[PDB]
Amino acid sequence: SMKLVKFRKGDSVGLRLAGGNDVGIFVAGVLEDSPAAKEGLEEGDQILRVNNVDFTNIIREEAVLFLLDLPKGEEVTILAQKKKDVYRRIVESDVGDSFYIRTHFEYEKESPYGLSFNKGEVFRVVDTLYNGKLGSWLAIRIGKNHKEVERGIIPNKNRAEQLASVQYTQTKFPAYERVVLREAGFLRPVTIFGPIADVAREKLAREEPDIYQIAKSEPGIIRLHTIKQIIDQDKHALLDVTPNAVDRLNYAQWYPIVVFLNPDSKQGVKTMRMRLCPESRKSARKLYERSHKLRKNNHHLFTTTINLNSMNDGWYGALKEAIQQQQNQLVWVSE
């Protein structure tokens, strides 16, 4: 049966919630003497709708805070449904919330039970009201293979936003970004960083003309329109852009494959450059320096790293193999 209740809210609605966004919100307990209780609301009921607000797809934290926020004395309309069987499963298997987020700020654990994260990490949040304590989300760190690694406590959206704001003071990125696994329907653009990135592109554009292509820098600016045409011909666009341009490309949902060619040493770059492009007059010391600064400050943007060996051009084979290996991977994308 499906039941509809109307009552005035006292100091509280006299309720305790279980479940969450994955399985629905559930009455885990009523209070013996309460307007809600007398209205017929009982343990095991799934709260389908409160006032006009949909409750079938709401995180438990949102549900708790919504019902809290309701004004003392005013009226409340609850649509509910008895689900003793579904509720039994939810309690016994202890499931409630389930969704994935991608972080966009650095966080150091504040308790031994907490998870630290860099920018760009993905988490499955499984409990948004961890231990019945507002503020803590229970999350499982998702690895490169998309399997679940370890679990632990991270801050909730609200505190995360606060922490992410104190950190900043171009990306419009929220502290947590809702993400889901998707397959690429297009050959996504390639950007290569590293002391021989310029050489990498030229060899890729040359030896593999039908798989790759270079997006031209017009009077320097590379615009989106040039990239779109390379995609529409079924090729990867090779992009000589900035870290910040990569960030903007991720936000705009183009999620480029980003390869970093990690140099072995300053003197190693010189030897590689002398072999691969003696014609170039670019400084190896400056290229190496920029490479270190880049890795130091923007490693969260990399999707793969290849460790250069200065006496060995096996990086090119590795690069082609890596670029494809990536394309075949699924991507965490916005909602």
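Numbers follow the displayed sequence, beginning with 1.
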Open item on the list: Quick check on the record: how many residues from the deposited sequence are absent from the model between residue 185 and residue 186 (none, 1 to 3, 4 to 9, 10 or more)?
Closed with: none
- [ ] Between residue 169 and residue 170, determine how many residues of the deposited chain lack coordinates; answer none if the chain runs continuously, otherwise 1 to 3, 4 to 9, or 10 or more.
- [x] 10 or more
TODO: Tell me which of 95 to 103 and 74 to 82 has the higher mean C-alpha B-factor in the deposited entry.
DONE: 74 to 82
Open item on the list: Please compare 115 to 123 with 233 to 241 and name the stretch with the higher mean C-alpha B-factor in the deposited structure.
Closed with: 233 to 241
TODO: Could you say which of 261, 215, 140, 179 has its CA atom at the highest B factor, as listed in the PDB entry?
DONE: 215
Open item on the list: Quiz for you: based on the deposited Cα B-factor, which of 197, 149, 164, 227 is highest?
Closed with: 227
Task: Chain-relative CA temperature factor third for residue 21 - done: lowest
- [ ] Would you mind ranking residue 109 by its C-alpha B-factor against the rest of the chain and naming the third, lowest, middle or highest?
- [x] lowest
Task: Chain-relative CA temperature factor third for residue 129 - done: lowest
TODO: Select lowest, middle or highest to describe the third in which the CA B-factor of residue 189 falls within its chain in this entry.
DONE: middle
TODO: Sorting the chain's modelled residues by C-alpha B-factor, tell me whether residue 267 ends up in the lowest, middle or highest third.
DONE: middle
